[PDB]
Amino acid sequence: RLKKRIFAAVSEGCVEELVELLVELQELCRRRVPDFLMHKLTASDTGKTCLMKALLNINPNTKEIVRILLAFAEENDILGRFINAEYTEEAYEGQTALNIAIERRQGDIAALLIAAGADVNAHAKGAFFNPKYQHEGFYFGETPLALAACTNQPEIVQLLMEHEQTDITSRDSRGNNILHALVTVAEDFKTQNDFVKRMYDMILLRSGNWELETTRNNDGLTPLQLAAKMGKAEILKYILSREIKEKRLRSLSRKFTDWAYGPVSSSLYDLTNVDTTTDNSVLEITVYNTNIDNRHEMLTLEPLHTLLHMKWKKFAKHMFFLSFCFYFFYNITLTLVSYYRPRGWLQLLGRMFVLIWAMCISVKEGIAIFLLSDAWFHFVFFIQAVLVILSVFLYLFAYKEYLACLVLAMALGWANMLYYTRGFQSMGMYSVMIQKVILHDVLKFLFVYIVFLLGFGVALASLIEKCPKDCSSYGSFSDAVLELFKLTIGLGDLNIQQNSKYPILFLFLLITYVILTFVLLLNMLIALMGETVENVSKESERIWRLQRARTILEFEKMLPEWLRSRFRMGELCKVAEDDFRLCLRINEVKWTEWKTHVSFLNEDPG
Amino acid sequence: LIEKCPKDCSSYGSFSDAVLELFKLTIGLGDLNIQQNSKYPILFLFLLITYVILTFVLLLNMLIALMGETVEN
Amino acid sequence: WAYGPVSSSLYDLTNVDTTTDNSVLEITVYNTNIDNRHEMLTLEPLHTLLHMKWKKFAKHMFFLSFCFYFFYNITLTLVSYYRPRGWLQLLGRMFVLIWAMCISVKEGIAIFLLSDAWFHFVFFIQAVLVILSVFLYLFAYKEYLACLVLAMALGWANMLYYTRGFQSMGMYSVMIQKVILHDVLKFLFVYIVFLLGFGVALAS
Amino acid sequence: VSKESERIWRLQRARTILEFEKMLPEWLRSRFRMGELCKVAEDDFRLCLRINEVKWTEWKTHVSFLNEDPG
Ligand SMILES: COc1ncnc(OC)c1C(=O)Nc1nc(C(F)(F)F)c(-c2ccnc(C(C)(C)C#N)c2)s1
Ligand SMILES: COc1ncnc(OC)c1C(=O)Nc1nc(C(F)(F)F)c(-c2ccnc(C(C)(C)C#N)c2)s1
């Protein structure tokens, strides 16, 4: 039991003399060699060495325990397999002692380890360290450097990165390198105090080149595209607007001031993986990707806001107005064909226009539907166009029901103009408010009102006798239901001689319906709408801006290659010794932060 | 949706009277007959109920809520 | 086992988990002489106990209870509507009778052992109206229809109880209840004073 | 009431949960019985209820644990 005695005296550490006696025992025994010396100091189940066991359980004397441990392992010249050992369990695989010393924040022990040959490129290629479900697993990046950086140990990060054998460019099993990992664990300032932006800057500058920021994980995302997918708007704003004054590190920036004078400064933001000219850009991801709902803040970041405004004012404003004009005349032709139906040259042109515009919307929103609240509008545009072409089909046959589909298509098209309200900010914010009210208030009201209307309609229809003579408005369930609805909208009259056999119960139930709807439900709808309207007013400009951004990017994808290349925001800019990357000037004015400007590329401010 | 009757048997006959009938509904004024000489009376009733929801339930109460926001600012 | 950000605690559950007489969970959920039950429910051992109970059996017992009350109410509704002015029919009619007796004894026991119990009262009154209606119908009493329509009406009202299964609908219901108490009843009193005084004033 | 409705609903649903649990028969109550017994001290072995959690601001070397290997 010498193995278990050493294990207990090392994980407990009551004294160094206990472990010294046990180690003298093991040395005087095993020589009677390295392999089974280890087997007499190992955990043959998981592979956990007594160095691992000591590090797992740090006591006030651990830096001496582990020191005697490795000095023994070096006196027997087994140090290599000793301090570089790894777990064999399927859930902690590849975990060495250094992952332990770093997770435990034991900077001194980790320094002693890697000073004595601790393999630092060791990957925590394990189901705990590479989690699938939260709270069983901690995703940090599967390396000692990614652990030291994600657990906010800048001293251990500096100590690891200064090591000649740490491999900062190494990627984990998920494809991530240290910078993807930092982006994933980046939470917020609310829950993390924003140390990850600092570790990101430190690691990127301490490896001064683009190798880290350019690598894509197994999802095909760089740290920047990942910071956009996951809605990390702080690390994204940090990367997007990264300006390094260092002359030896001026090629690792994304935005470089080129002519600032006083209050006015003209910047030159880098637009490489940001401007919709690549596969999944930061702008495209920031506008589209809907698995976050954190697209809120990411859209006003300095290059993206100006890219969207350049796209709008270059082509998308006009494509949107042209799209609106086409939908408007399509709807007017549907309206006039419905109205002037039978109970030419410019006529037939309009009729085939609705047919072909219906087929175009059909194929477009059908393609866009199979490639899938934001797409309510794909559904209704598709359903409207389908109703139009179905109406045309039933009309070129001898089917009279073409008018049902045609009037429904006309109705739904006029509803679909709520889409085009997103061209203006006033009307667009009004529409996101209408939509929020319909979802949060009106549908809840309609459900409750229909359970009232239907229950009271059957109650009041049940109370009514059979007259031999139409002497009751509440005779059937439907007729009753009909004028409970009429009562709600205050339309007819109210006769309370309804041929009931229990007229006081009939009147009690009618008064109860009136209270429940008129007094309670409708006024409570007003109160709840007032609560919705006040909450949605604080986010409606954000939601409208996101809607218009999605529309801008939809229109940009419609353009043909020559037109997309013709528009192409951002002018190429001499930015470093030889970088010459597409950039996007954004002049700005600041009055509080006074300083002598040394960073520029044109010392003369245009 | 309304057919041609041979007799005044529909309030929604022309666009104007239909427009007048809808306006009366919003202000709560006339009666509501739903036998309007439509050929698709369930679609007529669906569209009438939809108008009532959109105006009575949504637009007028949302006007109250928006006025409440204006008045406070 | 805490590692980095993730730490796994092991809360003790000895006098906390409804397996003893008056547990901390039972007292925290029930005891109504404080109205300070606000904050206590979210405490860590307790909050996870209620969610484990919900997702282990109570979600399903609640949906099953709702389904039984719903078909009980639908049978009351259809028996009211299709009253006279079978095999699957008589099954439904005796179903309302026995479900009414079960609710009767349950909410009567729960009433004698006593705003939170509005619902005991209305569930009991509804079930009593149903069994009274059945009694008046197996006799030759025509007033069974008054009790039956009132029972149907009150049962559809009692579904506001089952709205507490979802958070959206459940919060909407506590809001409806608060509005009815704080606003609608005050309105109804004042409106009746005005309606009755002006009615006598105008009739005069 | 919007500021307290989630609290009130949660209390209502808790009362319903505890009402249903009292309806169950003894074998079903014992069958459900949240919380797994846990070696917790030298000899305590009290029923316990694991609740994993994540914290990013309070950094410290962890000395309190009973399984030094995090599952
Ligand atoms: C969700 O509600 C429903 N859903 C579908 N159908 C329904 O009825 C067909 C119902 C329903 O509420 N029925 C009712 N029964 C009764 C009872 F008289 F029996 F008490 C009701 C009543 C009685 C006395 N004062 C009220 C007020 C309005 C003051 C309150 N609060 C209501 S209301
Ligand atoms: C609790 O109130 C009641 N409850 C039961 N029955 C009632 O009356 C039958 C009443 C009641 O209000 N009676 C009233 N009498 C008079 C008076 F004209 F004689 F002065 C009233 C009056 C007079 C002048 N201007 C107002 C307005 C509306 C402008 C105001 N403010 C109200 S009001």
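Heavy atoms only: backbone and side chains are in, while hydrogens, waters and symmetry mates are out. As the structure lists them, so they are numbered: ligands from 1, and atoms in each ligand from 1. Naming: A, B, ... by sequence-line order, numbering from 1 per chain.
- For the residue pair C:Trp156 and C:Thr77, a side-chain donor N or O sits within less than 3.5 Å of a side-chain acceptor on the partner.
- Residue A:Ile515 touches ligand 1 through its side chain alone, judged by heavy-atom distances below 4.0 Å.
- When A:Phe506, A:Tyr513, A:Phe456 are each tested for a ring-ring contact (aromatic ring centres under 6.0 Å, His included) with A:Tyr474, only one passes: A:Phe506.
- A salt bridge is absent between D:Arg7 and C:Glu39: the closest approach of a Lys/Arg side-chain nitrogen to an acidic carboxylate oxygen does not fall below 4.0 angstrom.
- Remark: A:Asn416 engages A:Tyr327 in a side chain to side chain donor-acceptor pair (under 3.5 Å) (not counting sequence neighbours).
- Electrostatic pairing of C:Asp183 and C:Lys178 does not count as a salt bridge here, judged by no charged N lying under 4.0 Å from a carboxylate O.
- Near C:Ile180, the atoms of ligand 1 lying under 4.0 angstrom from a non-hydrogen atom of the residue are 31 (N).
- Below 3.5 Å of separation, one finds no N or O of C:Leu150 facing any N or O of ligand 1.
- With respect to C:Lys53 and D:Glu21, a salt bridge is recorded, a charged nitrogen being found less than 4.0 Å from a carboxylate O.
- Ring orientation note: the planes of C:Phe62 and D:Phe20 are nearly perpendicular, at an angle over 60° on the 30°/60° scale.
- Within 4.0 Å of ligand 2, protein heavy atoms belong to C:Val193, C:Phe194, C:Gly197, C:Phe198, listed by chain and number.
- With ligand atoms numbered from 1 in the order given, ligand 1 contributes 8 (O), 11 (C), 13 (N), 14 (C), 15 (N) to contacts under 4.0 Å with heavy atoms of C:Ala153.
- Contact annotation: A:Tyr513 has no heavy atom less than 4.0 Å from any atom of ligand 1.
- Listed for the A:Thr517 side chain is no donor-acceptor partner under 3.5 Å among the backbone atoms of A:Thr488.
- A salt bridge does not link D:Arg15 with D:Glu19: none of the charged nitrogens is closer than 4.0 Å to a carboxylate oxygen.
- Ligand 1 places these atoms under 4.0 Å from at least one heavy atom of A:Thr512: 21 (C), 22 (C), 32 (C), 33 (S).
- Listed by number with element, the atoms of ligand 1 under 4.0 angstrom from any heavy atom of A:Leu516 are 12 (O), 28 (C).
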